[PDB]
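S.K.: what's the 3D shape of this:
(chains A, B, C, D, E, F, G and H)
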Amino acid sequence: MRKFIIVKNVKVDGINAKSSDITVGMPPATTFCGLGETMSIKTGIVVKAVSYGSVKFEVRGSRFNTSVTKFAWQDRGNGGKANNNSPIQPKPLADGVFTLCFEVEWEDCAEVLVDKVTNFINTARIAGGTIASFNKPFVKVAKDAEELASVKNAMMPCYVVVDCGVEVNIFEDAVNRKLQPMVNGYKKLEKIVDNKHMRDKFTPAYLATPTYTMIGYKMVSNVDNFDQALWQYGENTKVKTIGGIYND
Amino acid sequence: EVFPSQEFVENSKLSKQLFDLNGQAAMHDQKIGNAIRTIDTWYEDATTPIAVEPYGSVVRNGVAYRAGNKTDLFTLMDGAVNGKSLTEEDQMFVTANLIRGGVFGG
Amino acid sequence: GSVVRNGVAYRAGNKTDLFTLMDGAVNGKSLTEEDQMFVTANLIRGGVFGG
Amino acid sequence: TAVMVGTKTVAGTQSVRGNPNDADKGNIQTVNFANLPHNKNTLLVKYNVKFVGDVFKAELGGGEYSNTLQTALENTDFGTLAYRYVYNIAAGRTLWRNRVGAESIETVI
Amino acid sequence: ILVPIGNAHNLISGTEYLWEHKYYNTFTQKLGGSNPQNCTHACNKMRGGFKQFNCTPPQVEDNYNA
DNA sequence: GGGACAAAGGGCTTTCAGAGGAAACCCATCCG
DNA sequence: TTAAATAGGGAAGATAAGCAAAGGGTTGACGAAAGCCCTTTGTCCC
RNA sequence: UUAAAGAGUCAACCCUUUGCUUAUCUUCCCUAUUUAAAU
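M.R.: Numbers count the residues shown, from 1 in each chain, chains lettered A, B, ... in the order given. I have put the structure below:
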């Protein structure tokens, strides 16, 4: 809770709205945690936590039956019948504008970080989308908990995701509690033996399924503790927030 | 009248729905990108060229150029690495198609 | 060629259709002057012709 | 000035090939549209393009096939491809059927 | 490195449980296509289409404070 | 020249199966 | 180019009658996993 | 970082008819006074 960097009003087009087989819409916090990890490994700067807020979002299409994207022949098994309307294999798309906050541990200077971040953002992606435009990053300094409200308020205006936990399961909680599920981690099922077609022959491979937790959307000025709005990697392949379950 | 991009959506209260972003007409990025790579002039006939795709085909017209007549992306790709090189047009097509993304397999 | 206002439909199934004449034009025998003008006029107007 | 979409309803006839006995009935459809206002006579279409390098870098697999392909390639002329890609934007092919009916098209890059 | 896969119980369970609870905040997706009998056994019999949660967040309305 | 295997490609294809169903939500502050 | 000082109490707000009928709501394209046959290429045997 | 990839396109007559309408009391009451040389 020392150094934060803010990038607000980032326009991304063509975001992959399909996060799982039952969740279509906002990417989960895992996507932003992976983006932060990619920034850390590529840039060489340790990043602690990531916070994301939704300024605008819209899934392409209508209220129901979102959309279908046309496919093309790109495999080496055809050539005779590859002339008319390849099959679908549906994949939804959406368009959104977000705002990001990154917890950074860097004290060498004050202006080099802005340049190094701007260099990475110009060639980065958000859930497969392309970044159209963004504002100039700026750095905020927090020494204690009381001034954390200022760096929190620096993110206006946007809607931040907070964690409320699961009671029984997402299906019953969504109808009763009126919240929306989200993916917070993966559970391993069984180890991959054949390492031929994998993208890496050194990293161990696993079959995993998403684990669901229920979240809520809150205005930035209405957040009690800012530590509840920051996400980071946890134990047993999970993503958790610093402040735990959000309580009013 | 202007012509923004359309969408393929399951039957709804409308019969023709146009793409928009918060009430303003816009065009899809795939449609913009398709017109940029319409440079495939390097085949036997059919002036007014088409877009570069593996097994270069135009599903709107129902015809598929670069059919099974020993001029494909995969045939040229296999022949280039297996000794004999290609002509200028073949490399200019293979590189242009590799600039376009995609997964090749089977 | 029909008028929904009057409820009557001219150019019905009596060997005078856009699709019949267009199909017969490419299959050997040509059309007359009035038929050619009708086909050209109906092609200037849009529509879908296939099924 | 931004251009909205709006929705309208149209009426017409039923002209479908293979159904001649049902051509005397009506047809009601609901569609969308988009057109310029009556005080404006110019359509402005604005967008951005990004060109990046790092070609010949496979995303999935390739330790010897990709290197052999890269060695076989890179002798081609990228100048023609770059000229054609820029010309498809400058000449005005990136904008579709909105092209017709215009007596003057200006491109600012 | 992980390869995510879907769960068969969740789709059928959620569809059956939510169709009778009147939750009108969901999408609808159909698998298979023109011939959905070659994908699974659940898709062949449940041709109406599986249900997915609509996770569209609230958006900041413009021309005002927030 | 004959037999076997694999791969690629096309075509003769063609085998396989099958009618549910009902409706517009979340939410009010920094800054010049 | 002025200092202060106040600005009404009471009553009360209508009822009845009726809101039309008829006609129509489109088509075309978006399959995987095999069986058989033929051809070509390559390997091995005779 | 559910990473990598993808043209929705084309076409349309909403027409026809019409009586809103009858009645009515806003009444009473009242202290605006007190000065100073033209800059």
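S.K.: quick one: the strand or helix carrying residue B:75 near chain D?
M.R.: Assigned by DSSP states H and E, residue B:75 belongs to helix B:73-81. Yes - using Cβ under 8 Å from any Cβ of the partner chain, helix B:73-81 reaches chain D at B:77, B:80, B:81. For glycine as for every other residue, the C-beta is placed from the backbone atoms N, C-alpha and C.
S.K.: where exactly do the strands run in chain D?
M.R.: Secondary structure of chain D (DSSP state E): strands at D:7-13, D:26-32.
S.K.: which residue ranges of chain B form strands?
M.R.: All strands of chain B, identified by DSSP E, fall at B:20-21, B:24-25, B:57-58, B:63-64.
S.K.: got it, and chain E?
M.R.: So, for chain E - with DSSP E - the strands run E:2-4, E:26-29, E:50-55.
S.K.: one step back: got a markdown table for the strands of chain D, with distance to residue A:174 and mean neighbour count too?
M.R.: Output for the strands of chain D, formatted as a markdown table (distance: least, Cβ to Cβ, whole Å; neighbours: other Cβ atoms under 10 Å in any protein chain shown):
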| stretch | distance to residue A:174 | mean neighbour count |
| --- | --- | --- |
| strand D:7-13 | 32 | 11 |
| strand D:26-32 | 33 | 13 |
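S.K.: okay, those strands in a markdown table with distance to DNA strand G next?
M.R.: Listed next are those as a markdown table, based on distance: least, Cβ to the nearest atom of the strand, whole Å:
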| stretch | distance to DNA strand G |
| --- | --- |
| strand D:7-13 | 5 |
| strand D:26-32 | 4 |
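S.K.: between those strands, which one is nearest to chain B?
M.R.: Of all these, strand D:26-32 sits nearest to chain B, with 4.4 Å by Cβ to the nearest Cβ.
S.K.: contacts for that closest one, please.
M.R.: Residues outside strand D:26-32 that contact it (Cβ atoms under 8 Å, 6 or more residues apart in numbering or on different chains) are B:13-18, C:4, D:5-14.
S.K.: quick check, stretch D:51-64 touching chain E?
M.R.: No - using Cβ under 8 Å from any Cβ, stretch D:51-64 stays clear of chain E, coming no nearer than 11.9 Å.
S.K.: closest one to residue D:63 among the strands of chain B?
M.R.: Relative to residue D:63, the nearest member of those by Cβ to Cβ is strand B:57-58, separated by 31.5 Å.
S.K.: rewinding a little: any chance of a markdown table for the strands of chain D, columns distance to residue D:69?
M.R.: Below are those laid out as a markdown table (distance: least, Cβ to Cβ, whole Å):
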| stretch | distance to residue D:69 |
| --- | --- |
| strand D:7-13 | 51 |
| strand D:26-32 | 46 |
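S.K.: what about the longest helix seen in chain E, near chain A?
M.R.: Counting residues, the longest helix found in chain E (DSSP state H) is helix E:8-19. Yes - Helix E:8-19 is in contact with chain A by Cβ under 8 Å from any Cβ, via E:10, E:11, E:13, E:14, E:17, E:18.
S.K.: and that helix, what does it pack against?
M.R.: helix A:170-177, helix E:41-45, strand E:50-55 (3 or more Cβ pairs under 8 Å, 6 or more residues apart in numbering or on different chains; DSSP states H and E).
S.K.: and the nearest residue to residue B:21 once chain neighbours are set aside, what does it touch?
M.R.: Counting by Cβ to Cβ, 6 or more residues apart in numbering or on different chains, residue B:21 lies nearest to residue A:95, which is 6.4 Å off, once chain neighbours are set aside. Applying Cβ under 8 Å, 6+ apart to residue A:95 gives the contacts A:12, A:13, A:14, A:15, A:57, A:58, A:60, B:21.
S.K.: still on that earlier bit, any of the residues of helix E:8-19 next to chain A buried? List them.
M.R.: E:10, E:11, E:14, E:18 (16 or more other Cβ atoms under 10 Å in any protein chain shown).
S.K.: show me the contacts for the residue in chain A positioned nearest to DNA strand F.
M.R.: Closest to DNA strand F within chain A is residue A:80: 2.5 Å, counting by Cβ to the nearest atom of the strand. By Cβ under 8 Å, 6+ apart, the residues touching residue A:80 are B:67, B:68.
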